[PDB]
Structure formats: C-alpha cells, structure tokens
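K.L.:
First the structure, which I've put down as structure tokens, then a few questions once you've had a look.
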Amino acid sequence: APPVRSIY
Amino acid sequence: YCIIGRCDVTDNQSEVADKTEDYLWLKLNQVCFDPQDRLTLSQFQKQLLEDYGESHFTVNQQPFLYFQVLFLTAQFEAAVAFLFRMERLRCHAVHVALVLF
C-alpha cells in the first residue's frame, strides 16, 4: 500500500 | 530497526514513510541479494509496476512521480516509454533515452 503523494 | 535489518518488507512503515520517495527509499534499504521476509530488486521492480501500474501512480495527475518510481528502480525503458507518451514531455523522454543510448 504505497502512497501516491509526491514529496512537495 | 527494519531499515538496519532489512526486515518486515511487507510493512511499509506508513506511520513515518507517508510520501512516495519515503517509500522508495524505505524499500531500496530493504532489498536483498541471494527465502522468507525477503525482497529483491527484481521482485520489487516488477511488483511495483505490474500490480500498481501507472494507474496507481498517476491518479494525482502528476507524471514525474511515476517516472521517478521507474527510473530509480533501474526500469529505464519503462520510464522512457511512459514519459514519452505525455505529449508535453516528449522532448524530455527522447533525450533521457539518448543519454541511456
């Protein structure tokens, strides 16, 4: 369950 | 502990690794080379795009996120073709292909 929120 | 011991590969430690780069980094510190609780680059690289393809990593309509996932896992051809389809990033995908060429 890896996140899809890019480091911003 | 399991970054030092490369254990509990299934547990994504989502409490601390909430970003995508934190996941990649969490796993590349867990990959192994030559049977239980063990992950290798081949499994990880295939496991990522086969099960969680573009669809999973492009729902936020952010293309580079998926590209970084493929490129930082040595899957350069996938990342090149993928990024070559974005009509706004054709230029960039051709050249990253030339460099690899």
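Residue numbering restarts at 1 in every chain; chains get A, B, ... in the order shown in the structure tokens, and ligands count up from 1 in that same order.
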Please provide the set of residues having any atom within 8 Å of residue 20 in chain B, restricted to only C-alpha atoms, with same-chain residues fewer than 4 positions apart removed, written as a PDB file with C-alpha atoms, in the first residue's frame.

P.N.:
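Output below, filename around-v3.pdb:
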```
ATOM      1  CA  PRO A   2       2.493   2.649  -1.162  1.00  0.00           C
ATOM      2  CA  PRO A   3       1.377   6.290  -1.130  1.00  0.00           C
ATOM      3  CA  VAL A   4       0.923   8.353  -4.281  1.00  0.00           C
ATOM      4  CA  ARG A   5       1.586  11.723  -2.599  1.00  0.00           C
ATOM      5  CA  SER A   6       4.719  13.210  -4.146  1.00  0.00           C
ATOM      6  CA  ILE A   7       7.221  14.965  -1.905  1.00  0.00           C
TER       7      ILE A   7
ATOM      8  CA  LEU B  24      11.105   4.006  -2.469  1.00  0.00           C
ATOM      9  CA  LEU B  65       6.077  10.820  -9.743  1.00  0.00           C
TER      10      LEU B  65
END
```

K.L.:
Near range 7-10 of chain B, within 7 Å and counting only C-alpha atoms, which residues show up once chain neighbours fewer than 6 positions away are dropped, as a JSON list (two decimals) with N, CA, C and O atoms, in the first residue's frame?

P.N.:
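Generated file (part.json):
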```
[["chain", "number", "residue", "atom", "x", "y", "z"],
["B", 30, "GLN", "N", 15.74, -2.08, 1.91],
["B", 30, "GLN", "CA", 15.29, -3.39, 2.33],
["B", 30, "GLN", "C", 15.52, -4.48, 1.29],
["B", 30, "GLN", "O", 15.41, -5.66, 1.62],
["B", 37, "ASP", "N", 10.42, -13.33, 4.31],
["B", 37, "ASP", "CA", 10.63, -11.94, 4.73],
["B", 37, "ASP", "C", 11.80, -11.32, 3.98],
["B", 37, "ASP", "O", 12.63, -10.61, 4.56],
["B", 38, "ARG", "N", 11.89, -11.58, 2.68],
["B", 38, "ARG", "CA", 12.98, -11.06, 1.87],
["B", 38, "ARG", "C", 12.46, -10.57, 0.53],
["B", 38, "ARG", "O", 11.56, -11.19, -0.06],
["B", 39, "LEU", "N", 13.03, -9.46, 0.06],
["B", 39, "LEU", "CA", 12.64, -8.83, -1.19],
["B", 39, "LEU", "C", 13.90, -8.51, -1.99],
["B", 39, "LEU", "O", 14.91, -8.09, -1.43]]
```

K.L.:
How close does chain B get to chain A? List, as CSV, each residue of chain B within 7 Å, its nearest atom pair and the distance in Å to one decimal, counting only C-alpha atoms.

P.N.:
```
residue,atom,partner,partner_atom,distance
B:18,CA,A:3,CA,6.3
B:19,CA,A:5,CA,5.4
B:20,CA,A:3,CA,5.4
B:21,CA,A:7,CA,6.7
B:23,CA,A:2,CA,6.5
B:57,CA,A:4,CA,5.6
B:65,CA,A:6,CA,6.2
```

K.L.:
Run DSSP on the backbone and tell me which residues of chain B come out as helix (DSSP H, G or I); list them as an MDAnalysis selection string.

P.N.:
chainID B and resid 20:28 41:51 54:57 63:71 76:85 90:100

K.L.:
Restricting it to C-alpha atoms, dump the selection as a PDB file, in the first residue's frame.

P.N.:
```pdb
ATOM      1  CA  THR B  20       6.310   8.239  -2.276  1.00  0.00           C
ATOM      2  CA  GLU B  21      10.047   8.947  -2.121  1.00  0.00           C
ATOM      3  CA  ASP B  22       9.985   7.845   1.524  1.00  0.00           C
ATOM      4  CA  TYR B  23       8.547   4.536   0.299  1.00  0.00           C
ATOM      5  CA  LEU B  24      11.105   4.006  -2.469  1.00  0.00           C
ATOM      6  CA  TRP B  25      13.899   4.885  -0.044  1.00  0.00           C
ATOM      7  CA  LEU B  26      12.351   2.636   2.611  1.00  0.00           C
ATOM      8  CA  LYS B  27      12.351  -0.346   0.248  1.00  0.00           C
ATOM      9  CA  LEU B  28      15.696   0.152  -1.509  1.00  0.00           C
ATOM     10  CA  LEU B  41      15.227  -5.696  -6.789  1.00  0.00           C
ATOM     11  CA  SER B  42      13.693  -7.917  -9.481  1.00  0.00           C
ATOM     12  CA  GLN B  43      10.651  -8.663  -7.318  1.00  0.00           C
ATOM     13  CA  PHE B  44      10.372  -5.054  -6.121  1.00  0.00           C
ATOM     14  CA  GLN B  45      10.788  -3.516  -9.581  1.00  0.00           C
ATOM     15  CA  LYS B  46       8.298  -5.967 -11.101  1.00  0.00           C
ATOM     16  CA  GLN B  47       5.974  -5.910  -8.074  1.00  0.00           C
ATOM     17  CA  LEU B  48       5.645  -2.129  -8.347  1.00  0.00           C
ATOM     18  CA  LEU B  49       4.578  -1.608 -11.959  1.00  0.00           C
ATOM     19  CA  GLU B  50       2.844  -4.953 -12.513  1.00  0.00           C
ATOM     20  CA  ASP B  51       0.486  -4.732  -9.535  1.00  0.00           C
ATOM     21  CA  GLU B  54       0.618   3.864 -13.992  1.00  0.00           C
ATOM     22  CA  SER B  55      -2.994   3.946 -12.796  1.00  0.00           C
ATOM     23  CA  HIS B  56      -1.896   3.847  -9.161  1.00  0.00           C
ATOM     24  CA  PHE B  57       0.875   6.457  -9.520  1.00  0.00           C
ATOM     25  CA  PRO B  63       3.557  12.378 -14.286  1.00  0.00           C
ATOM     26  CA  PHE B  64       7.097  12.672 -12.915  1.00  0.00           C
ATOM     27  CA  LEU B  65       6.077  10.820  -9.743  1.00  0.00           C
ATOM     28  CA  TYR B  66       5.714   7.592 -11.724  1.00  0.00           C
ATOM     29  CA  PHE B  67       8.816   8.336 -13.815  1.00  0.00           C
ATOM     30  CA  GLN B  68      10.924   8.650 -10.664  1.00  0.00           C
ATOM     31  CA  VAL B  69       9.496   5.339  -9.462  1.00  0.00           C
ATOM     32  CA  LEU B  70      10.609   3.574 -12.636  1.00  0.00           C
ATOM     33  CA  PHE B  71      13.926   5.379 -13.116  1.00  0.00           C
ATOM     34  CA  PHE B  76      14.722   2.854 -17.645  1.00  0.00           C
ATOM     35  CA  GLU B  77      12.871   1.572 -20.714  1.00  0.00           C
ATOM     36  CA  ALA B  78       9.507   1.624 -18.940  1.00  0.00           C
ATOM     37  CA  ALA B  79      10.086   5.145 -17.634  1.00  0.00           C
ATOM     38  CA  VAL B  80      11.198   6.305 -21.086  1.00  0.00           C
ATOM     39  CA  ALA B  81       8.215   4.922 -22.993  1.00  0.00           C
ATOM     40  CA  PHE B  82       5.835   6.059 -20.248  1.00  0.00           C
ATOM     41  CA  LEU B  83       7.188   9.610 -20.191  1.00  0.00           C
ATOM     42  CA  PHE B  84       7.363   9.608 -23.996  1.00  0.00           C
ATOM     43  CA  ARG B  85       3.563   9.364 -24.200  1.00  0.00           C
ATOM     44  CA  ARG B  90       8.064  14.138 -25.377  1.00  0.00           C
ATOM     45  CA  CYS B  91      11.244  16.204 -25.661  1.00  0.00           C
ATOM     46  CA  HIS B  92      12.462  15.129 -22.219  1.00  0.00           C
ATOM     47  CA  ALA B  93      11.731  11.427 -22.708  1.00  0.00           C
ATOM     48  CA  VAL B  94      13.537  11.217 -26.047  1.00  0.00           C
ATOM     49  CA  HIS B  95      16.695  12.748 -24.603  1.00  0.00           C
ATOM     50  CA  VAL B  96      16.771  10.628 -21.446  1.00  0.00           C
ATOM     51  CA  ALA B  97      16.610   7.813 -23.994  1.00  0.00           C
ATOM     52  CA  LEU B  98      19.557   9.227 -25.944  1.00  0.00           C
ATOM     53  CA  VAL B  99      21.632   9.525 -22.762  1.00  0.00           C
ATOM     54  CA  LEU B 100      20.893   5.889 -21.953  1.00  0.00           C
TER      55      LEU B 100
END
```

K.L.:
Tell me, in Å to one decimal, how far CA of residue 72 in chain B is from CA of residue 31 in chain B.

P.N.:
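Computed distance, CA of residue 72 in chain B to CA of residue 31 in chain B, equals 13.3 Å.
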
K.L.:
Where in range 9-67 of chain B does DSSP assign strand (DSSP E or B), given as a list in words?

P.N.:
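Everything in range 9-67 of chain B that counts as strand (DSSP E or B) is residues 31, 32, 39 and 40 of chain B.
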
K.L.:
Go ahead and save the residues from that selection, with N, CA, C and O atoms, as an mmCIF file, in the first residue's frame.

P.N.:
```cif
data_model
loop_
_atom_site.group_PDB
_atom_site.id
_atom_site.type_symbol
_atom_site.label_atom_id
_atom_site.label_comp_id
_atom_site.auth_asym_id
_atom_site.auth_seq_id
_atom_site.Cartn_x
_atom_site.Cartn_y
_atom_site.Cartn_z
ATOM 1 N N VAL B 31 15.816 -4.111 0.037
ATOM 2 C CA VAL B 31 16.075 -5.126 -0.973
ATOM 3 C C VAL B 31 17.268 -5.978 -0.541
ATOM 4 O O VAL B 31 18.135 -5.546 0.231
ATOM 5 N N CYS B 32 17.312 -7.207 -1.052
ATOM 6 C CA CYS B 32 18.371 -8.144 -0.710
ATOM 7 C C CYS B 32 18.865 -8.843 -1.968
ATOM 8 O O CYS B 32 18.250 -8.769 -3.035
ATOM 9 N N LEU B 39 13.027 -9.464 0.062
ATOM 10 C CA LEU B 39 12.645 -8.829 -1.187
ATOM 11 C C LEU B 39 13.897 -8.514 -1.989
ATOM 12 O O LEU B 39 14.908 -8.086 -1.428
ATOM 13 N N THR B 40 13.831 -8.741 -3.298
ATOM 14 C CA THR B 40 14.934 -8.451 -4.201
ATOM 15 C C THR B 40 14.511 -7.384 -5.200
ATOM 16 O O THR B 40 13.320 -7.125 -5.399
#
```

K.L.:
What does the distance between CA of residue 61 in chain B and CA of residue 14 in chain B come to in Å, to one decimal place?

P.N.:
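Taking CA of residue 61 in chain B and CA of residue 14 in chain B, their separation equals 22.1 Å.
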